[PDB]
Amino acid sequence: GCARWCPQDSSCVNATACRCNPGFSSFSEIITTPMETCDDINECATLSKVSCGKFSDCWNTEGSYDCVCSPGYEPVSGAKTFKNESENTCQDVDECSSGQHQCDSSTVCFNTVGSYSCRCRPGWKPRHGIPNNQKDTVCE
């Protein structure tokens, strides 16, 4: 059988009951009424569950979730999206060597984990207001 009144995001279990689809939850384990709702589980809140690993972030979605390397980090496996630690290959991006940085020609790019900084070349001095060791740094 298959109850046809099954609420959204749930699938029939028999002729008089339904079950929330994987990724959703309901108040009762078994839906026996069309008034019951199947709500999205936030996999990123349960701090209990394992992590995405280092340099990553958990992003919740309606019906699922995704792990992504944080800004300043990129996956060596080309896999922009992953599910667990084991799939984590987020390494830091070297904006200086990759020439992706945007330091004033008057400065020298210095790479850091997750970011990067522009420093004053020796014998040079920072312009006014703006300080050194920064992405907006400028020297004269």
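So that there is no doubt, residue numbering starts at 1 and follows the sequence shown.
Looking at mean Cα B-factors across 124-132 and 15-23, the upper value is held by 124-132. Comparing 28-36 with 101-109, the stretch with the higher mean C-alpha B-factor in the PDB entry is 101-109.
The PDB entry assigns the greatest CA B-factor among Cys96, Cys90, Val50, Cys58 to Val50.
By the numbers in the PDB entry, the CA B factor is greatest at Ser77 among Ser77, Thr81, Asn42, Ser70. Among the modelled residues of the chain, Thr46 sits in the highest third by CA temperature factor in this PDB entry.
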